Each structure stands twice: as C-alpha cells, then as structure tokens.
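Take a look at this single chain in structure tokens; it is the form deposited in one PDB entry.
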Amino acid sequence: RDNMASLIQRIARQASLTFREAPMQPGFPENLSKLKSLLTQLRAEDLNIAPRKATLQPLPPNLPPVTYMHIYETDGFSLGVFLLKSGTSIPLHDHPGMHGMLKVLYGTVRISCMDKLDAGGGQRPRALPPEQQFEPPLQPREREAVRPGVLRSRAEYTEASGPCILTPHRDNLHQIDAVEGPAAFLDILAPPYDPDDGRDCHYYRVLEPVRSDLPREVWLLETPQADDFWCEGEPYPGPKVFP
C-alpha cells in the first residue's frame, strides 16, 4: 500500500476509534477485532526496539526491575511498552473498569490470569470460613478483606502468541513474569489508570491455605505495591504517534 502510516500510528488511531453516521462506521466488537489484528502484526523492530539479553548481574535496589516507554495517551486509552529485566515480574494487579490488550515484543512472559468473584456475573462470593488458615497466618483485619477469586490460566507467551485481552469482568487480574531472560510487551489500557480520580492499580496476593488443575478457586488479598517493585521511564525509540 502507498502512503501508509507507521504501524504504531495505525494502532494508536485504531485504539482511539475503539475506545474513544452514514455510512455506519464500525461498532465496538468490530473495532476491538481490528485492533487485535493490528497488534498481531506488530514486531519489536516496528518500534525500533532491539531484543535485550543477559541482565547478567543481580538486580540492586538502586535499579528498576521494569521500565516503561510512553508512546501515546488520550482520555480514552494509554499506549506504551513495559520492559522486564531477567528474573523480574509485574506483580498481580487489576484494571478497574478497564479493557486491556497486550502483545509480547521479545522474550517470554508467563501471564497468570485471574478474577475476583463478582455477583454481577452470577457468582455468589462467600466470606472466608473461620476455620480456614493460611501460611503466613492472616491478621483478623485481613480475614475480613479476603476476596474469593478464580485462577483461570497461567500460560507462557512470546511474540508468536496472539495478543492477550482482558475486560473489566474477565481476566481482569494478571501477573506477568519474565521467563528465561528479559522480555517486553506493548500494552493498551482503556480508560487509562487515573489515581487522582479513583481508578488505581491494585496489587493482590494469592493466599496459601494449610491443607490443582485450572480453573481453580483461590483466596485473594489486596496488598500494597511491593517494596522492591517499581517501574521508571526510559526513552521510546520508535516512530512517533502524531500529534
């Protein structure tokens, strides 16, 4: 095709149309599928990002385990790249009210996908039974705050994998582990997080009871952002999204 914009410009345009008369323009399901088709095509070289290797030395507290390249954002969506060093994870977290789509650029990530049980989805979340104990033991305040959940999947993804999609009510919690070296992925979220307006990134831990196939029910506890987890910016080297 002549006169085609960069792939990342086209992804940004499509995300904007997806998330925000005659002839009728596409609706949301068509737009989301087109967005997924564009992400399926995206390669690290399309963003001028070369695959990284050999984060050879142990990671001191001075250095961020994960870095972030900002590409674009509107009120409707955010668009950027997360780059995980060898042996690091983005800990389990949610995306309140949000859709998400990500695409691995290089390396391998294990993505564990979960949900809190939602009575709007025909579930009946129970309270933690009193005789239920965990390792480490739960403070009584924590017992009241435990949420039943479901661990749906825990697969490994590479650049060959299709994009990974989440919705407000399905696969809305995920953890992302870098497997066998550094890894990176492009992430689209809609709407973007907004701490100032009560749309936060919440972290969770899965509790380990005292006394196995997926899906399986789990107990979840909201937890602060881990002391050793942070994610600082670095320059984005790819084609610029205009304006």
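Start at 1 and count along the sequence shown; that's the residue number.
Another form exists, deposited with a partner chain bound; not displayed. Remarks below refer to it.
**Student:** Pick from 112, 78, 88, 172: which has a non-hydrogen atom within 4.5 Å of the partner chain in the entry with it bound?
**Tutor:** When the partner chain is considered in the entry with it bound, the option within 4.5 Å is 78.
**Student:** Judged by heavy atoms and a 4.5 Å cut-off, are 126, 148 and 210 together in contact with the partner chain in the entry with it bound?
**Tutor:** Verified in the entry with it bound; spot residues all out of contact, no.
**Student:** Given that the partner is absent here, state which listed stretch (213 to 221, 25 to 33, 39 to 47, 193 to 201) has heavy atoms within 4.5 Å of the partner chain in the entry with it bound.
**Tutor:** Only one stretch passes the 4.5 Å heavy-atom test: 193 to 201.
**Student:** With the partner left out of view, is residue 82 within 4.5 angstroms of the partner chain in the entry with it bound by any non-hydrogen atom?
**Tutor:** Taking the distances in the entry with it bound, the answer for residue 82 is yes, it comes within 4.5 Å of the partner chain.
**Student:** Indicate whether the partner chain has at least one heavy atom within 4.5 Å of a heavy atom of residue 70 in the entry with it bound.
**Tutor:** The answer is yes: residue 70 has a heavy atom within 4.5 Å of the partner chain.
**Student:** Taking heavy atoms only, is residue 189 within 4.5 angstroms of the partner chain in the entry with it bound?
**Tutor:** Contact with the partner chain, yes.
**Student:** So in the entry with it bound, does any heavy atom of residue 231 sit within 4.5 Å of the partner chain?
**Tutor:** Heavy-atom contact with the partner chain at 4.5 Å: present for residue 231.
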